[PDB]
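**Q** This is the structure I have questions about; it appears just below.
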Amino acid sequence: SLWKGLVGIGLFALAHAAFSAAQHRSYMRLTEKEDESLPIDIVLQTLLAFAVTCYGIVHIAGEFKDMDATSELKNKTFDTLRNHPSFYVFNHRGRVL
Amino acid sequence: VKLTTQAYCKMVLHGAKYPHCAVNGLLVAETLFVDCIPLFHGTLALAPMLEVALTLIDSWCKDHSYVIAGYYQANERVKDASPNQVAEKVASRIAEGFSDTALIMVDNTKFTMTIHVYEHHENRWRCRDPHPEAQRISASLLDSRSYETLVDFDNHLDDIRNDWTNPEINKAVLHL
């Protein structure tokens, strides 16, 4: 179940990016520049977090299945089919034991 | 008119592995009965599988110079011992080619330490009278919890890789 760890790592890194960017914004409003864009590093970090997280969530999302009924009948025999549990009766050899 | 230890062994084994369903099997001689076969369990009022089993066992037993000479049924309900039509038909068909084959039905109301042999002899499969170490063998192997690797014919029709002769049990009882 490594894909779970992968997703948690993506999330942690993304949160780190958000924190870094908030404090950078504070720097901006403090130095009254309000002209410049974000440093590249934050951008790359968040984007890779996003991509990795999607690649992992696709895996852990589940698993597809055929829509042809007889696929799940390939392995089956009368012994299962015949029992009819709501019509059971016990007056048979086993009661000896 | 002899009872072979391994015959009774396989017979009651099959009777025990499917203990709530009616079963039939088949004894093969070369009267001495020499080997039991468990073939079927379930409904048993249905020809085709029966017909092909008889045919195949003929084709195979010729190779070793054996003939069948013997049937046995065991109903699902304990308190019943009566030669239902089917077994009568199959034994009249076997005695058309042997004219000495005998029918068996296990009492099954004792099922511990049983036989009810009939015989046609121009009569409608009338009864007879009782005619050991094999009993001990049966008890031991039964409590050995080994019936779970005993293959019948009905299993062979699902997974071809089995072996309805199951010589493993044969050699096993030989070691005893």
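Residue numbering restarts at 1 for every chain of the structure tokens, chains are lettered A, B, ... in their displayed order, and ligands are numbered from 1 as they appear.
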Hey, could you make a per-residue contact list for chain A against chain B with 7 Å as the cut-off, showing the nearest pair of atoms and its distance in Å to one decimal, counting only C-alpha atoms, sorted by chain and number, as a tab-separated table?

**A**
residue	atom	partner	partner_atom	distance
A:91	CA	B:77	CA	6.2
A:92	CA	B:77	CA	4.8
A:93	CA	B:78	CA	5.7
A:94	CA	B:19	CA	6.1

**Q** For residue 59 of chain A, find every residue with an atom within 12 Å (counting only C-alpha atoms), except residues of its own chain fewer than 5 positions away, and show them as a list in words.

**A**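 My reading of the contact set: residues 1, 2, 3, 4, 6, 7, 52, 53, 54 and 64 of chain A.
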
**Q** Just to be explicit: take each residue in the selection above, keep N, CA, C and O atoms, and write the result as a compact mmCIF listing (two decimals), in the first residue's frame.

**A**
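Final output, saved to selection.txt:
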# COMPACT_ATOMS: atom_id res chain seq x y z
N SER A 1 0.83 -1.20 0.00
CA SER A 1 0.00 0.00 0.00
C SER A 1 0.87 1.25 0.00
O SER A 1 0.63 2.18 0.76
N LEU A 2 1.88 1.26 -0.87
CA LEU A 2 2.79 2.40 -0.94
C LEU A 2 2.11 3.62 -1.56
O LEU A 2 2.52 4.76 -1.29
N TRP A 3 1.08 3.41 -2.38
CA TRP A 3 0.45 4.54 -3.05
C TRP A 3 -0.21 5.47 -2.05
O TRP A 3 -0.30 6.69 -2.29
N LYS A 4 -0.63 4.94 -0.91
CA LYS A 4 -1.18 5.78 0.15
C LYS A 4 -0.12 6.76 0.65
O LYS A 4 -0.38 7.96 0.78
N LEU A 6 2.43 7.70 -0.97
CA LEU A 6 2.68 8.64 -2.06
C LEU A 6 1.70 9.80 -2.02
O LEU A 6 2.09 10.97 -2.17
N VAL A 7 0.43 9.50 -1.78
CA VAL A 7 -0.59 10.54 -1.75
C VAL A 7 -0.39 11.45 -0.55
O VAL A 7 -0.51 12.68 -0.65
N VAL A 52 1.84 14.05 -9.08
CA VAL A 52 2.08 12.83 -8.32
C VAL A 52 0.81 12.37 -7.60
O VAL A 52 0.46 11.19 -7.60
N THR A 53 0.13 13.31 -6.95
CA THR A 53 -1.06 12.96 -6.19
C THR A 53 -2.13 12.36 -7.10
O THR A 53 -2.80 11.40 -6.73
N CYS A 54 -2.30 12.93 -8.29
CA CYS A 54 -3.28 12.36 -9.22
C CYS A 54 -2.86 10.96 -9.66
O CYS A 54 -3.69 10.04 -9.71
N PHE A 64 -11.32 -1.63 -12.07
CA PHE A 64 -12.39 -1.84 -13.04
C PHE A 64 -12.83 -3.29 -13.03
O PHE A 64 -12.19 -4.17 -12.46

**Q** What are the DSSP alpha helix (DSSP H) residues of chain A, as a PyMOL selection string?

**A** chain A and resi 2-31+40-60+78-81

**Q** Expressed in Å to a single decimal, how great is the separation between atom CA of residue 13 of chain A and atom CA of residue 49 of chain A?

**A**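 Between these atoms lies a distance of 6.4 Å.
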
**Q** What lies within 12 Å of residue 51 of chain A using only C-alpha atoms, ignoring chain neighbours under 4 positions off, as a list in words?

**A**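 In the requested format, the answer is residues 6, 7, 9, 10, 11, 13, 14, 44, 45, 46, 47, 55, 56, 57 and 58 of chain A.
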
**Q** Please provide the set of residues having any atom within 12 Å of residue 172 of chain B, restricted to only C-alpha atoms, with same-chain residues fewer than 3 positions apart removed, written as a list in words.

**A**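 After dropping sequence-adjacent residues, the list is residues 6, 9, 10, 137, 138, 140, 141, 144, 146, 166, 167, 168, 169, 175 and 176 of chain B.
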
**Q** Residues as selected, N, CA, C and O atoms, written as an mmCIF file, in the first residue's frame, can you do that?

**A**
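part_25.cif, written as the output of this step:
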data_model
loop_
_atom_site.group_PDB
_atom_site.id
_atom_site.type_symbol
_atom_site.label_atom_id
_atom_site.label_comp_id
_atom_site.auth_asym_id
_atom_site.auth_seq_id
_atom_site.Cartn_x
_atom_site.Cartn_y
_atom_site.Cartn_z
ATOM 1 N N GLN B 6 -10.768 -53.057 -0.046
ATOM 2 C CA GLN B 6 -10.671 -51.755 -0.699
ATOM 3 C C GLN B 6 -11.992 -51.354 -1.336
ATOM 4 O O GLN B 6 -12.319 -50.160 -1.396
ATOM 5 N N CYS B 9 -14.080 -50.029 1.375
ATOM 6 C CA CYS B 9 -13.438 -48.787 1.779
ATOM 7 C C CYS B 9 -13.885 -47.632 0.897
ATOM 8 O O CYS B 9 -14.487 -46.664 1.379
ATOM 9 N N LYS B 10 -13.608 -47.726 -0.406
ATOM 10 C CA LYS B 10 -13.988 -46.658 -1.332
ATOM 11 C C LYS B 10 -15.491 -46.421 -1.294
ATOM 12 O O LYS B 10 -15.955 -45.280 -1.385
ATOM 13 N N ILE B 137 -9.714 -51.454 9.038
ATOM 14 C CA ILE B 137 -9.115 -50.572 8.038
ATOM 15 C C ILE B 137 -10.044 -49.401 7.740
ATOM 16 O O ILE B 137 -9.618 -48.241 7.688
ATOM 17 N N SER B 138 -11.318 -49.705 7.483
ATOM 18 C CA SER B 138 -12.320 -48.677 7.235
ATOM 19 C C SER B 138 -12.345 -47.654 8.355
ATOM 20 O O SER B 138 -12.273 -46.447 8.108
ATOM 21 N N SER B 140 -10.166 -46.910 10.695
ATOM 22 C CA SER B 140 -8.930 -46.146 10.816
ATOM 23 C C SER B 140 -8.832 -45.090 9.726
ATOM 24 O O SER B 140 -8.584 -43.911 10.005
ATOM 25 N N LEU B 141 -9.031 -45.495 8.473
ATOM 26 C CA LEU B 141 -8.868 -44.560 7.369
ATOM 27 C C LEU B 141 -9.938 -43.476 7.403
ATOM 28 O O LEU B 141 -9.664 -42.318 7.069
ATOM 29 N N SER B 144 -8.886 -41.235 9.779
ATOM 30 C CA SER B 144 -7.702 -40.603 9.212
ATOM 31 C C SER B 144 -8.018 -39.309 8.475
ATOM 32 O O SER B 144 -7.086 -38.568 8.147
ATOM 33 N N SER B 146 -9.276 -38.618 5.329
ATOM 34 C CA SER B 146 -8.657 -38.710 4.013
ATOM 35 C C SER B 146 -9.658 -38.668 2.867
ATOM 36 O O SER B 146 -9.239 -38.655 1.703
ATOM 37 N N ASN B 166 -7.892 -43.401 -8.788
ATOM 38 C CA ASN B 166 -7.291 -42.949 -7.532
ATOM 39 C C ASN B 166 -6.416 -44.027 -6.873
ATOM 40 O O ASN B 166 -6.709 -44.465 -5.755
ATOM 41 N N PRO B 167 -5.349 -44.469 -7.541
ATOM 42 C CA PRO B 167 -4.502 -45.526 -6.958
ATOM 43 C C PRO B 167 -3.825 -45.123 -5.657
ATOM 44 O O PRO B 167 -3.271 -45.997 -4.976
ATOM 45 N N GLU B 168 -3.806 -43.831 -5.322
ATOM 46 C CA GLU B 168 -3.244 -43.397 -4.047
ATOM 47 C C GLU B 168 -3.904 -44.126 -2.885
ATOM 48 O O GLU B 168 -3.228 -44.621 -1.977
ATOM 49 N N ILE B 169 -5.233 -44.204 -2.896
ATOM 50 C CA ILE B 169 -5.930 -44.917 -1.829
ATOM 51 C C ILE B 169 -5.584 -46.400 -1.873
ATOM 52 O O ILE B 169 -5.465 -47.055 -0.830
ATOM 53 N N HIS B 175 -0.372 -50.461 2.189
ATOM 54 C CA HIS B 175 0.642 -50.314 3.228
ATOM 55 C C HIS B 175 0.127 -50.784 4.581
ATOM 56 O O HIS B 175 0.893 -51.337 5.378
ATOM 57 N N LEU B 176 -1.156 -50.579 4.859
ATOM 58 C CA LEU B 176 -1.749 -51.031 6.112
ATOM 59 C C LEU B 176 -1.728 -52.553 6.196
ATOM 60 O O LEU B 176 -2.221 -53.238 5.299
#

**Q** What are the DSSP strand (DSSP E or B) residues of segment 33-115 of chain B, as a list in words?

**A** residues 35, 36, 37, 38, 39, 40, 41, 42, 67, 68, 69, 70, 71, 72, 73, 74, 77, 102, 103, 104, 105, 106 and 115 of chain B
